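Everything below concerns the one structure shown next.
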Amino acid sequence: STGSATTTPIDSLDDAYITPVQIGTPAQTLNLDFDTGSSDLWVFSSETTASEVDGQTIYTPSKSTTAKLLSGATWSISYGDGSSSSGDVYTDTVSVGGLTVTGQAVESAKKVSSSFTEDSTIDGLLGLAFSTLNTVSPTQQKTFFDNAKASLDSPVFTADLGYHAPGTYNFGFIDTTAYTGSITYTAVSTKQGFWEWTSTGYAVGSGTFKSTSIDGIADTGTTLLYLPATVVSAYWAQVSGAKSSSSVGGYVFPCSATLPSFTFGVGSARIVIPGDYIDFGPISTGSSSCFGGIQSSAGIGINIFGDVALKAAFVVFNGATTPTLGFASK
């Protein structure tokens, strides 16, 4: 089997991407944030505290003939950005782009943090990191990909995120029309539960490539590119007026600037992030100070190849017995 679903930016900045997911019988379609940095499929629901729902579409298990309460199971998660949610668990039928999993754990939110409430466009998350990170207790549950894997034509999914445009998540096949050149594959460590890999270096604009190992995670659920302070300083030093602002919470730059590209290495191959991808617009409405799309990972504890990086590539998440990651230009 295979599946193919379009993923769409939630706003004009590509702050996140939503992908329609069918849950239950008859189908209830929710727009979920596909997150390769976590492993819980959770949804706003009829059980979510009413004051914490503001425009989201909810899953109502009582209206699904295939929903079953997973007795005794609860979940609770906290994300890198300080947001959180928690609740109980159903199993139900879940389909993505024509690919169907029966008995998928659907984690129903009883509580969500303010940032989730405040984002009316995201109805929940669909985790695609390794199932070892799944928070369900006392019986840990598998991700959608993990459940689907054996049935897929090939044990892979691909992320093809657009810049200010829709893109695609495919399951079970590699669309050879979706990228240019060849796919370069690179080793993954699953030791922390993430799609963790090591970039071979970077360049700023038309500058020379610096060969240096940068360990990080391929994380579709993070907006920006978080790299070591040395790398980030080198980038923003090429932008006149750019500075790190403690009050704003990162590097800002004059909105009048033309940003240089940023290149990252994947083995001997190179992925080029155009400068425009690194502009996240005014810090506040009407400001001429703009927020940067490359930020320091210092104090995160890990480097994160988020959407800013991933949307410059066609990315293969290879879930073979020894997982690997593949990157191609497009």
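These numbers come from the heavy atoms of this one structure, side chains and all, not from hydrogens, waters or symmetry mates. One-based numbering along the sequence shown.
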Quiz item: Angle class for the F34/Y169 ring planes (parallel below 30°, perpendicular above 60°, tilted otherwise)?
Solution: tilted
Practice problem: Over all heavy atoms of both residues, which pair between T322 and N318 is shortest? Give the atoms and the distance, please. | Solution: O-ND2, 4.3 Å
Quiz prompt | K330 atom NZ, over 12 foreign heavy atoms within 6.0 Å | solution = yes
Self-check item: From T223 atom OG1 to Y226 atom OH, the distance as rounded to the nearest 0.5 Å
Solution: 6.5 Å
Practice problem: May I ask you to test the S39-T132 pair for a side-chain heavy-atom distance under 4.5 Å? | Solution: no
Quiz item: Which atoms form the tightest heavy-atom contact between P260 and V239, and what is the distance?
Solution: CD-CG2, 3.6 Å
Quiz item: Would you say the side-chain atoms of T36 pair up with the backbone N or O of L128, donor to acceptor, closer than 3.5 Å?
Solution: no
Exercise. Say whether, by atom type as modelled, one donor and one acceptor occur between the side chain of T60 and the main chain of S62 under 3.5 angstrom.
Key: no
Quiz item: If you take all heavy atoms of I58 and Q28, which pair is closest and at what distance?
Solution: O-OE1, 3.8 Å
Quiz item: Under a 4.5 Å side-chain heavy-atom rule over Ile, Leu, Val, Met, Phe, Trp and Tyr, are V96 and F173 clustered together?
Solution: no
Exercise. Check whether the side chains of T2 and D153 place a donor and an acceptor atom closer than 3.5 Å, and report yes or no.
Key: no
Practice problem: Look up atom CD1 in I183 and atom OG1 in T324, then write down how far apart they are to the nearest 0.5 Å. | Solution: 10.0 Å
Practice problem: Go through the side-chain N and O atoms of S84 and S78 and say whether any donor and acceptor fall under 3.5 Å apart. | Solution: no
Quiz prompt | Minimum-distance pair of heavy atoms, taken over all atoms of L13 and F280 | solution = O-CE2, 3.1 Å
Quiz item: Within a strict 4.5 Å, meaning less than it, do heavy atoms of the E196 and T190 side chains meet?
Solution: no
Practice problem: Ignoring hydrogens and angles, state whether a donor on the side chain of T117 or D54 is under 3.5 Å from an acceptor on the partner side chain. | Solution: no
Quiz item: Considering only heavy atoms from C-beta outward, does the side chain of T158 approach that of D160 to under 4.5 Å?
Solution: no
Quiz item: Distance only, no hydrogens: is a donor on one side chain within 3.5 Å (strictly under) of an acceptor on the other, for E47 and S108?
Solution: yes
Exercise. Measure the shortest side-chain to side-chain distance between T100 and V94 over non-hydrogen atoms and say whether it is less than 4.5 angstrom.
Key: no
Quiz item: Aromatic ring centroids of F116 and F44 under 6.0 Å?
Solution: no
Practice problem: Step through it carefully: locate the ring centre of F264, locate the ring centre of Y202, and say whether they are under 6.0 Å apart. | Solution: no
Quiz item: Short question: side chain of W236, backbone of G292 - any donor-acceptor pair under 3.5 Å?
Solution: no
Quiz item: Is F317 reachable from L133 through a run of hydrophobic residues whose side-chain heavy atoms are each under 4.5 Å from the next?
Solution: yes
Quiz item: Any chance the side chains of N134 and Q141 put a donor and an acceptor closer than 3.5 Å?
Solution: no
Self-check item: Straight-line distance of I18 CD1 to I10 CD1, nearest 0.5 Å
Solution: 7.5 Å
Quiz item: Would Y179 and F314 count as a close aromatic pair, with their ring centres under 6.0 Å?
Solution: yes
Quiz item: Would you say the side chain of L41 lies within less than 4.5 Å of the side chain of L32, judging by non-hydrogen atoms?
Solution: yes
Quiz item: Are the side chain of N147 and the backbone of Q104 linked by a donor-acceptor contact shorter than 3.5 Å?
Solution: no
Quiz prompt | Side-chain donor-acceptor pair present, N170, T168, cut-off under 3.5 Å | solution = no
Self-check item: Non-hydrogen side-chain atoms of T19 and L126 separated by less than 4.5 Å
Solution: no
Self-check item: Cluster check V272, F305: I/L/V/M/F/W/Y, side chain < 4.5 angstrom
Solution: no
Quiz item: Is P228 close to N303 at the side-chain level, that is, under 4.5 Å between some pair of heavy atoms?
Solution: yes
Quiz item: Okay, side chain of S296, backbone of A298: is any donor-acceptor separation there less than 3.5 Å?
Solution: yes
Exercise. Verify the ring-centre separation between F171 and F144: is it less than 6.0 angstrom?
Key: yes
Self-check item: Rounded distance [0.5 Å steps], OG in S114 versus CG in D119
Solution: 11.5 Å
Quiz item: Between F145 and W195, how do the two ring planes meet: parallel, tilted or perpendicular, split at 30° and 60°?
Solution: tilted
Quiz item: Would you find a donor on one side and an acceptor on the other, under 3.5 Å apart, between the side chain of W75 and the backbone of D88?
Solution: yes
Self-check item: Atom pair CG/CG of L152 and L99 - distance to nearest 0.5 Å
Solution: 5.5 Å
Exercise. Decide yes or no on side chain to side chain contact (heavy atoms under 4.5 Å, CB included) for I174 and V316, but give the supporting numbers first.
Key: CA-CA 8 Å; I174 286 162; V316 178; 3.9 Å; yes
Exercise. Evaluate the criterion side chain to side chain contact (heavy atoms under 4.5 Å, CB included) for residue pair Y163 and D14; output intermediate values, then yes/no.
Key: CA-CA 7 Å; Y163 166 66; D14 296 349; 3.9 Å; yes
Quiz item: With distance as the sole test, does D279 use its side chain to make a donor-acceptor pair with the main-chain N or O of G281 at under 3.5 Å?
Solution: yes
Practice problem: Without swapping roles, check the side chain of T200 against the backbone of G267 for a donor-acceptor pair under 3.5 Å. | Solution: yes
Quiz item: Going by atom types only, do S245 and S247 share a side-chain donor-acceptor pair under 3.5 Å?
Solution: yes
Self-check item: Beyond-backbone contact of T263 with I273, side-chain heavy atoms, under 4.5 angstrom
Solution: no
Quiz item: Do any N or O atoms from the side chain of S45 and from the backbone of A109 form a donor-acceptor pair under 3.5 angstrom?
Solution: yes
Self-check item: Nearest heavy-atom neighbours spanning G37 and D219
Solution: N-OD1, 3.2 Å
Quiz item: Hey, what do you get for CG (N31) to CD (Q56), rounding to the nearest 0.5 Å?
Solution: 11.0 Å
Quiz item: So, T143 and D146: side-chain donor and acceptor under 3.5 Å apart, yes or no?
Solution: no
Exercise. Treating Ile, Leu, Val, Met, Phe, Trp and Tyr as nodes and any side-chain heavy-atom pair under 4.5 angstrom as an edge, say whether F209 and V232 lie in one connected cluster.
Key: no
Exercise. Run the ring-centre check on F327 versus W197 and record whether the distance is less than 6.0 Å.
Key: yes
Practice problem: Mind listing the closest non-hydrogen atom pair of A73 and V136 along with its distance? | Solution: CB-CG1, 3.8 Å
Quiz item: With distance as the sole test, does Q295 use its side chain to make a donor-acceptor pair with the main-chain N or O of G250 at under 3.5 Å?
Solution: no
Practice problem: Check whether the side chains of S38 and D35 place a donor and an acceptor atom closer than 3.5 Å, and report yes or no. | Solution: yes
